[PDB]
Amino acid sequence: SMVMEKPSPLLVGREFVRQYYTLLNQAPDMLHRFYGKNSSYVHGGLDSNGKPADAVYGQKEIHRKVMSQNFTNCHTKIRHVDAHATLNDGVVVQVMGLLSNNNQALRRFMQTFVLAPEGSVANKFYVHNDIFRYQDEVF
């Protein structure tokens, strides 16, 4: 039946971004599966000092943190996506859009991903890196 699509950096970035924000919205308790043992995650926050928050590693830690940011009916407008080939056939993705959570206000986000080859299955990738910052928190 259907022959496989080539892993075009832009196609991998576009396909991964629709899943990411679809599953964030419809099922954030699953969002931990995009990630691996090694993976790195940070998603806004202003720690006690009032500065941007620290990051965590691996599925369990990431899940922990995802469940702690209670995502209810989280809507996403995505206003641009850039995806480039990076090391070891990995794809680096720059995402700019707005995220409203719990029908609170649509805040603008800057967000870097790195998708890595998964090694076992063709056209399969894992989210090595997930840097998400809100702009109001920084400017």
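What we label the rigid core is the largest C-alpha set whose atoms superpose within 1.5 Å from one form to the other. Residue indices: 1-based, along the sequence shown.
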Could you tell me which of the two stretches, 80-88 or 53-61, has its Cα atoms lying farther from the shown structure in 7 other deposited structures of this protein after fitting on the rigid core? 53-61
Check: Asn25 without coordinates in a third or more of other entries: no
One third of the other compared structures is the cut-off here: is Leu46 left unmodelled in that many or more? yes
Of the two stretches 66-74 and 24-32, which shows the higher Cα B-factor on average in the entry? 66-74
If you average the CA temperature factors as listed in the entry, which stretch comes out higher, 81-89 or 52-60? 52-60
Highest Cα B-factor in the deposition, which of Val121, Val127, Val12, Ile131? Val121
Entry-reported Cα temperature factor of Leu106, expressed as the chain third it lands in: highest
Split the chain's modelled residues into thirds by Cα B-factor; is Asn38 in the lowest, middle or highest one? highest
If you rank the chain by CA B-factor, which third does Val95 end up in: lowest, middle or highest? lowest
